[PDB]
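Every number for a ligand or one of its atoms is a count from 1 in the order of the listing. Side chains included, hydrogens not; waters and symmetry mates left out as well; all remaining heavy atoms used. Convention: sequence-line order gives letters A, B, ...; per-chain numbering from 1.
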Amino acid sequence: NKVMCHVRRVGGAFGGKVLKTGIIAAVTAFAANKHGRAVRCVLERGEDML
Amino acid sequence: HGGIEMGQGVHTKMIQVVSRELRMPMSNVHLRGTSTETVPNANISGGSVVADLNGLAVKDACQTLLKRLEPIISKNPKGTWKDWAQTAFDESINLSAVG
Amino acid sequence: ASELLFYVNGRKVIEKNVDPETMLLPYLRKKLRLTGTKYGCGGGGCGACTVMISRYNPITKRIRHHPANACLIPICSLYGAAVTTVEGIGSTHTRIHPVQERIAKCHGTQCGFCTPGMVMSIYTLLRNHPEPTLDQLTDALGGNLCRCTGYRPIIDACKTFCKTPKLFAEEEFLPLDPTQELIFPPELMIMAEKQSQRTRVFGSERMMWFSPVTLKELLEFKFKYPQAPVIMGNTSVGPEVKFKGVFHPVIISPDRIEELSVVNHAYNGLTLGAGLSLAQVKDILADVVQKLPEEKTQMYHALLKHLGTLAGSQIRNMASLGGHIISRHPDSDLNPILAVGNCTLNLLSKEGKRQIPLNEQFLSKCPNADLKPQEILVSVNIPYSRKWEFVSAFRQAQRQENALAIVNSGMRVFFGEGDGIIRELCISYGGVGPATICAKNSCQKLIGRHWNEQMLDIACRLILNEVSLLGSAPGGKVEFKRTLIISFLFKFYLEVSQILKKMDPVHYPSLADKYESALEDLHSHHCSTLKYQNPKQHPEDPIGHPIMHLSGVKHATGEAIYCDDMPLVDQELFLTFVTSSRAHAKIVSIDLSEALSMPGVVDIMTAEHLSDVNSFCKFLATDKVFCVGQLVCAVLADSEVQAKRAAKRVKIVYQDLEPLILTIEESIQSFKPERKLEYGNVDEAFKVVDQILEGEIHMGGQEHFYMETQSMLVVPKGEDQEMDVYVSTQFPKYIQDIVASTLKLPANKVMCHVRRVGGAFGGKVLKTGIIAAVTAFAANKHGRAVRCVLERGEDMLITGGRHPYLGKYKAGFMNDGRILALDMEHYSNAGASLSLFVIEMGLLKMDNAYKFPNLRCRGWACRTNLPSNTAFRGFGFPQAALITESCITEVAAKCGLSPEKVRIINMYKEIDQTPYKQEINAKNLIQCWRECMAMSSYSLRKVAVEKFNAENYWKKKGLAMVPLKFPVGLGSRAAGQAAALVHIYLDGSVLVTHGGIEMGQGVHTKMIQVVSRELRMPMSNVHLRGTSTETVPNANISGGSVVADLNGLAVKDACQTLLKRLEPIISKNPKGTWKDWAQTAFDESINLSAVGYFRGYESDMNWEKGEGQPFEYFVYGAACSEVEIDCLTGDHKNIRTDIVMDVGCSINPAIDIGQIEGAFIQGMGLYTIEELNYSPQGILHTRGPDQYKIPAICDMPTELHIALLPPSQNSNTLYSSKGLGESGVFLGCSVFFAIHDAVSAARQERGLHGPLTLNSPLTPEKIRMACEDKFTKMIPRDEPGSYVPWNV
Amino acid sequence: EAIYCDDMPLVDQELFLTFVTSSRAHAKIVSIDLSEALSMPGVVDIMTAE
Ligand SMILES: Cc1cc2nc3c(=O)[nH]c(=O)nc-3n(C[C@H](O)[C@H](O)[C@H](O)COP(=O)(O)OP(=O)(O)OC[C@H]3O[C@@H](n4cnc5c(N)ncnc54)[C@H](O)[C@@H]3O)c2cc1C
Ligand SMILES: Nc1nc2c(c(=O)[nH]1)N[C@H]1C(S)=C(S)[C@@H](COP(=O)(O)O)O[C@H]1N2
Ligand SMILES: Nc1nc2c(c(=O)[nH]1)N[C@H]1C(S)=C(S)[C@@H](COP(=O)(O)O)O[C@H]1N2
Ligand code: MOS
Ligand code: MOS
Ligand code: FES
Ligand code: FES
């Protein structure tokens, strides 16, 4: 009840925006909470494929 | 609803459902997005069934809403949705429904 | 060149090329993102922006901590210092500080907006006095205002720091560890330990700021820039640049120069540094007074007296002595005392040392006695008093402290060894003209005379024409000021003709026995007790338990986000309004050309630019204005500063129109709809009565004075014209409507979101929506988020207040006081626009506790050229019920019976009928009256007050008791409908929301208590985020005393639905967690989301027949109040108040007792000290003694007892609870009628029978002028139409 | 005009997160040196599994 997830749209997914997305969100949210700051994580194509 | 728009047009289909079920133009319906705050415990948007299943849940809410209003609709069949909504409020009929 | 370096909450802050005009409050909030420190009023009055300032003294090796109001601190003054905000002392993500823990857990926060200020005042004092006395703590909070709590719970929190069935566990509060406090930043010690002589320079395009750090340099800068102000505390210069259009290109702001902070104990007296704070002067003189004998400490006593009341703790710690003297404010409390005391000023220039006397010419700013432009005040000499020299100072304001004087004085006499021939005499007054004036000519004529009443009568005459006021004098109150002038003269006569008696008993006469009480004045302690109920119920069920407000700690730590605390959204603009300055005028033209060209300005909208969307069901004035404060233009800019700058350059030319209607009587000269109730047959009843009586009472309005001003942020999404509206409002659905309408959009495109409101009391609805509509129009037009936050001055002008009322009555009664006939007329003042609903509720609730067998009741709303008034906590009842109590106490007078005998025999019986034919069980009305008579010990205290008044001529006491029937219910069933939405997530945790708004009344706390009971889970497992049209649609307004009742029923409804679905799962695994039940429900395809709905209480009123069932239930109560008045000054003191209250079964007695106290104090203010002064042109006065004053700690009754009548079941309402909230406001008039009683006792003894009608608010002016004496007869008076008055 | 996740405006004082990823397919992590990385402009924090 403390954490809400909001999604307007996704620019394609085809199954590849689930487990690994969540890991990155978890790590990102840990940082955000630790420093009391909004944190943004966007991957470049090379990193993304890897 | 719990479904996610990834480009497959799930949101377009749900408004088509709403438009049929409440008998109103698609221009009268709006959707903003998807949120755990509004619809809890939703399954993954996958398995070729996002529209199928969320369509059935949207239809379910619409029908519930139409059942509540049928007394008001029969008593004023040529009235707008604005009139039906207003008299429903004036008669203490709830205009929010989970599907 | 220079860099600004200071600390905030332990962290270093560096600003390079800093703008000198930056004030600390916006800097903290915007640049550092510390939003705990709030804006309340921006003049230093309220204390919402209170912070701690710390400095290391490098010579004395000591760290000094003082409180201050951040709104008035320019950041360039903070160089080398350490600021501490509320966030600095603790948080929920570190450790909470005990001050924060206790103010919250003692229920000392309601809306919470004042909490950070309260916390920082208490923190700062505990840092200086770790083991304090309550006196010191309540003195620290003299500067801190609160509109919700009534101060009692904040006082209780303070007591827990003093080594001297409850609502909180004191024993569980963790102790104040004085050694684990915040360390003063070491770098600032190291900087201080190396006295830089280099003078600091900060520049911008508009302003130069020099901080000289040596005396040499200060005089160097005072020569170059002779006309630059020397800023010390900025509590004189600051407030006048804010709202008197003053501007200084050059500022000089010296650091601690040692010669400016001298404390010399001379042989002849003492010399005090001009840079000492007023707080430090109060301490120096307190010590001197105790260390020296009491005829050399005569001046120092009079200064201490007036420093005790001067402003509050924050301003005293900021304001300097030199600043005070040089400011030369006409209402200055210290200058008239210094004037009379042979005080001299030590001036210093680049050319040399020089000494001038502090006399009338100096206070008049005659350049011969003034400082020359190139010199500065170093120190002032206050000499010791000689033997047979006596000094006295008096003052009268609107309340006892943190309020500017209407009139004050300093007076001195010298006799010189023995015989009572007066050899010197100085009499100085303030508030009686543009400067502090000394009656020197009168004083010359009195030299040689003896001290007795022969000289008083002549002295009074010959001052009353020397120190005269024109009837049109600014400040108003001319006949009151006239009286105070001679009344203070009388008090001085008495006072000093007693030290003479003391010192020389045989040669001087003793005072008359009924006169002594004139000398000692009225100065409090704050005691209270609270009775309520508390076996068969489960220990995990929270219903009935005094649960702390869910945000209570977040209030205390400043982590609660209010609308303006939301972060800056990318590229947001600010909107500010140009408002009408005329009451009824043609708008001939608007020139925007200068405004439009100025820095940052994006757009300026008039009514033309809104075209066909300038109204709803009009926003901006078109071609006429119908009151001052009406919206005219809207200025949109890149920043708030730029917006207000540009707004002040918009030129509007007007042409006044007739008639200019201001009063209710003027407004009675087309067609008004009437409202009427008739019971029995009043025309027949008038034939068979013993007596008939006509009368009337005017009643003033009331500003809402929510501590959070009007605030909103409108954010366009950028898709489909979607708007999100974050606004401090009581009615989101209405915001959604007016914004959507304005944008020509469907309602599904606009969503309104509200987390919390910092108080509202009805004043955050219609006018809020207009501003939101205009704001959203701009946002949409420019594709930008737009923020609109109002300053206090604009807010009071643009928003309305409570409706002022006129009551006329004809009462036919028996000689036993029973009222068989009653004809009644109500008139509300509506302002520019319609208000009829307020008349309707007035008439329905008019009866209050009494059965009028034959009754005609009629009302009319009256449009005037004043701001449009709105609904308020009470909704016509505080006005309507005051009319009927006035009518009672008049009938009581004509029967020779106490009003309380007349009340008790006109009351409803156990079973009885209302004027609108609703049946009532008034059993609890009787009990409330019985218990209040018992609890208060009314009968014994009645003779105590009669006894007192027989022995005291210049001080009277009074006592009164009033009953309460407050009916509750709305017009229709549909108005009472309510909805909620409940989710259970698969971990078992719950999210709930509903249509109700949290304004500080604790509605959200109560809903979680409901959820906790209904789903049988701890409150820690439930969460609520806020209120939104996106989650719960079509919700009604949060008002009518029923927000919790109705949304509670809807929350319960969702919970029960959810529990029904789960009962199969629960029976099959009864010892399972909610996580298990939720998970298996998901696994079995059972839905864990439910809408809850309550249809509304059945309700109706046929206004044609005058009959119906409008009300679902009635809150019953009674209240007793005792006061003592000063008949010479019109001052008063609330001694004691006793309140008994039928609440049914309280869902939360902490919250419900909080609402009783809050409502009571709000009503107390309405009826005594709250007063709005309008000019004959309809301009609101907002400056000097015309300042609007809500109740402070000094107004809270010395004793306060509150009982909750034992419950008795209401199957119809939520857990048999009664929605109080509005109820306690009317109980404030117990104070009104207690004062009314006291005035009558002075009028009976002196022999002035016949018509005594005192109007509300019962101000000190009204009290004094009612206590007629030789001084009231003596004053010179003016012809009605000969002059134009400052007010009325 | 369609807003995707990264199109959302900069929220006040937001930080950015980026990952260091493995360059070996199956290897022991003998050590991680963050001292140079931690000293560089703008860096707020570097989190490892510890
Ligand atoms: C909320 C509030 C409540 C108040 N209540 C009261 C009250 O109850 N009773 C009362 O009597 N007063 C009251 N005041 C007035 C207050 O006492 C004065 O504003 C204050 O004493 C001025 O001191 P300062 O250091 O702030 O002056 P500043 O504003 O710093 O300076 C004001 C003027 O003094 C000049 N000045 C200062 N020091 C020197 C010097 N050494 N040499 C030459 N010129 C100098 C400046 O150039 C400037 O023109 C109140 C003010 C506020 C804001
Ligand atoms: N444009 C677009 N089409 C798409 C996807 C997507 O990410 N983008 N995902 C596919 C996958 S993997 C699934 S499971 C389905 C899910 O949506 P549906 O059940 O409504 O077809 O959409 C398919 N079509
Ligand atoms: N602290 C606080 N208490 C308050 C208010 C407020 O704005 N702040 N408003 C009052 C008014 S005018 C009303 S109508 C009720 C509404 O809430 P309730 O019905 O839950 O009592 O709260 C009252 N108590
Ligand atoms: O079920 Mo699609 O995300 S493989
Ligand atoms: O019903 Mo309260 O907002 S007067
Ligand atoms: S005291 Fe600074 S906000 Fe009112
Ligand atoms: S809680 Fe103090 S102002 Fe509302």
| said: I'd like to know whether B/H11 forms a ring-ring contact (aromatic ring centres under 6.0 Å, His included) with B/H1, so could you lay out the CA-CA distance, the side-chain angles of the two residues, the decisive distance to 0.1 Å, and finally the verdict. | reply: CA-CA 9 Å; B/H11 294 163; B/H1 52 93; 5.1 Å; yes
Quick one: do [X] and [Y] make a salt bridge, cutoff under 4.0 Å?
{"X": "C/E640", "Y": "C/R787", "result": "no"}
{"X": "C/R29", "Y": "C/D564", "result": "yes"}
{"X": "C/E1157", "Y": "C/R152", "result": "yes"}
{"X": "C/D1152", "Y": "C/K1006", "result": "yes"}
{"X": "C/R147", "Y": "C/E1170", "result": "yes"}

Where ligand 7 meets [X] - atom numbers and elements under 4.0 angstrom, heavy-atom basis:
{"X": "C/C111", "answer": "1 (S), 3 (S), 4 (Fe)"}
{"X": "C/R147", "answer": "3 (S)"}
{"X": "C/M707", "answer": "3 (S)"}
{"X": "C/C146", "answer": "1 (S), 2 (Fe), 3 (S)"}

| query | Starting from atom 4 (S) of ligand 4, which protein heavy atom do you reach first, and at what distance in Å? | reply | A/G15 CA, 4.4 Å
| query | Any N/O/S atom, backbone or side chain, of C/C114 lying under 2.8 Å from atom 2 (Fe) of ligand 7? | reply | yes
| request: For B/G46, counting its heavy atoms only, list the atoms of ligand 4 lying under 4.0 Å from any of them. | output: 1 (O)
| At the 4.0 Å heavy-atom cut-off, does C/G1000 count as touching ligand 7? | no
| query | Less than 3.5 Å between some nitrogen or oxygen of B/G47 and one of ligand 4, yes or no? | reply | yes
| said: So, at under 2.8 Å, which protein N, O or S atoms would a careful student list around atom 2 (Fe) of ligand 6? | reply: C/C49 SG, C/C71 SG
List, one per line, each side-chain donor-acceptor pair under 3.5 Å for residues 788-796 of chain C, sequence neighbours excluded.
from: C/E791; atom 1: OE2; to: C/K644; atom 2: NZ; distance (Å): 2.9
from: C/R792; atom 1: NE; to: C/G40; atom 2: O; distance (Å): 3.0
from: C/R792; atom 1: NH1; to: C/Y706; atom 2: O; distance (Å): 2.9
from: C/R792; atom 1: NH2; to: C/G40; atom 2: O; distance (Å): 3.1
from: C/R792; atom 1: NH2; to: C/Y706; atom 2: O; distance (Å): 2.8
from: C/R792; atom 1: NH2; to: C/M707; atom 2: O; distance (Å): 3.0
from: C/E794; atom 1: OE1; to: C/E791; atom 2: N; distance (Å): 2.9
from: C/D795; atom 1: OD1; to: C/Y706; atom 2: OH; distance (Å): 2.6
from: C/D795; atom 1: OD2; to: C/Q710; atom 2: N; distance (Å): 2.8

Could you check whether [X] makes a cation-pi contact with [Y], meaning its NZ or CZ is under 6.0 Å from the centre of the six-membered ring and within 45° of the ring axis?
{"X": "C/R873", "Y": "C/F761", "result": "no"}
{"X": "A/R9", "Y": "D/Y4", "result": "yes"}
{"X": "C/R102", "Y": "C/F161", "result": "yes"}

| said: Any N/O/S atom, side chain or main chain, of C/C148 closer to atom 4 (Fe) of ligand 7 than 2.8 Å? | reply: yes
| message | Between C/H549 and C/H555, is the ring-ring contact (aromatic ring centres under 6.0 Å, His included) condition met? List the steps. | response | CA-CA 9 Å; C/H549 196 291; C/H555 296 153; 5.1 Å; yes
